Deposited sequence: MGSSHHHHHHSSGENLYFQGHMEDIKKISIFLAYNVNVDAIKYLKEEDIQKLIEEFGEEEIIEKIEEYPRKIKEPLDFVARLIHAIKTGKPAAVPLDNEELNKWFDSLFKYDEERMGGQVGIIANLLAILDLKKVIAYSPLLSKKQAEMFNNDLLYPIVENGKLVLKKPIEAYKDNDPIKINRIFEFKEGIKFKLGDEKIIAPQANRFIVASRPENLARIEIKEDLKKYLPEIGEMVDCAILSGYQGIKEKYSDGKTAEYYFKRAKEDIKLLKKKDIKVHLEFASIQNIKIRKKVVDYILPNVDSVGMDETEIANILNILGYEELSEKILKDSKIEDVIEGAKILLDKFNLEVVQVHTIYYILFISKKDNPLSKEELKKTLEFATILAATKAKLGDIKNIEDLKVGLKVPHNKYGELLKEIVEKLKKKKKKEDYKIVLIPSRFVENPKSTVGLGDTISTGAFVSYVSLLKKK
């Protein structure tokens, strides 16, 4: 369990935010009903507002989402309503949000050699969420300077905050003559994609220093493409920002680094196709689940294979879909993870051995089990709790099937069962945790060679 991971430097971009979370109870929803009126809410629920313009909009959309138990996200109509919303519906706790912020703080906890995180906005309240060991790129006096986020914040900068409302399964309240029971625990999110506050991009002053960043770094993890809009009020489009994102990878890759992408669940099929066209063909590693790999194969035209994966979920079909992704997009490794297993596929000429790829995946299952059972990771010593979680029994059966499948190839295929937690404290961002552990451990073993 010796960690060669600490010898790795990494760059992260682009999405960082603050998560203000409210843990709802029956008493909280009852107070909203009395304050705003049972009859006005019912009338508003039939209206089904697309955006929240008055406090009654948030109340109606929240109750509507609890009734279905399905996730829902509704933005505020205007950014000038932020202070009014926060003073009206107070939070329980604030913490770091976003794929960059969460993973960077975790990598800083794991004593990585150098962790450079970048985000467009850096207010004082946001810069205090970062770990003190993190570094933020700044241009001053015509040179690239890495300084700590608390020493590089800006007072005039806006802040991006996601207001999250969690409700447990079976929360019961009465609205009118209807009795409402939550069929499933879920989250209702009040958040906005960046426009007129910031943009998903590396600013023009830092773009000339991306190759210099790629020299002092071993690998990069890029995320946040789901926040790009189709059109913008100033006249810019998604193509404008996806082209520049393609430029950032090319500038970073003028030096020898590995770039990793975690395939996020993007509802917009048009932005999802942009990530397949602009980002995926230009990175070196990709991680996803069974649902997203079927979405990718569907975009590539393998509709017959996409339907088999979503309907039956047999490992032999998922393996065949990952081999299509590997050969088409100049990738080095494809990683597929579920609740039962995590699959790893590389080409035959990969410098790592079969047993080394297993050790890479064994670290990913320990880091994931720790976060699922503990709910959060605050110290390196906490990994011993994830070690206590035994392997999935059904995944051991899948492992034997993969060994037998190799009866007659140019691929290194490794399967390992996942350390499943029966009663996890949380499940948000667990896919980013497994994928980061596998990629970071994979870059470690390549560095030894």
Gaps vs the deposited sequence (1-based, no CA atoms) are 1 to 20, 429 to 431
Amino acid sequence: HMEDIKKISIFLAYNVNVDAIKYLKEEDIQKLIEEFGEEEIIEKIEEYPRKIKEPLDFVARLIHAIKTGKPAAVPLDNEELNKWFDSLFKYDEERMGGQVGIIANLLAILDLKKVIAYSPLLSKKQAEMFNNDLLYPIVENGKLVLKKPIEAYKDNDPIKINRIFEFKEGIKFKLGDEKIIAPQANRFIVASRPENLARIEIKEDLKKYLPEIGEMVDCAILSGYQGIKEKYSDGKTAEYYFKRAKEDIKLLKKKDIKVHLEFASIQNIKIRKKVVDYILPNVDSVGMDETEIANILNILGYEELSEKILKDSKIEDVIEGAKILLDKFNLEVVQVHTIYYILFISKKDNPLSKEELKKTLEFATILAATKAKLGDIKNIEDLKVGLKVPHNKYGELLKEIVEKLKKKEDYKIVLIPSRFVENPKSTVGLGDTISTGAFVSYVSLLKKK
From here on, numbers count along this sequence of modelled residues.
Mean B factor on CA atoms, stretches 431 to 439 and 21 to 29, record says higher is 21 to 29
Between 43 to 51 and 379 to 387, the record assigns the higher mean Cα B factor to 379 to 387
Top Cα B-factor in this entry, restricted to 274, 255, 246, 258, sits on 255
Based on the PDB entry, the highest CA temperature factor among the options 284, 218, 93, 201 is that of 93
Sorting the chain's modelled residues by C-alpha B-factor and splitting them into thirds places residue 190 in the lowest
Temperature factor at the Cα of residue 80, chain-ranked in thirds, falls in the middle
Assert third(CA B-factor, residue 416) within chain per record equals middle
On the chain's distribution of Cα B-factors, residue 232 falls within the third called highest
Chain-relative C-alpha B factor for residue 176 (record values, thirds): the highest
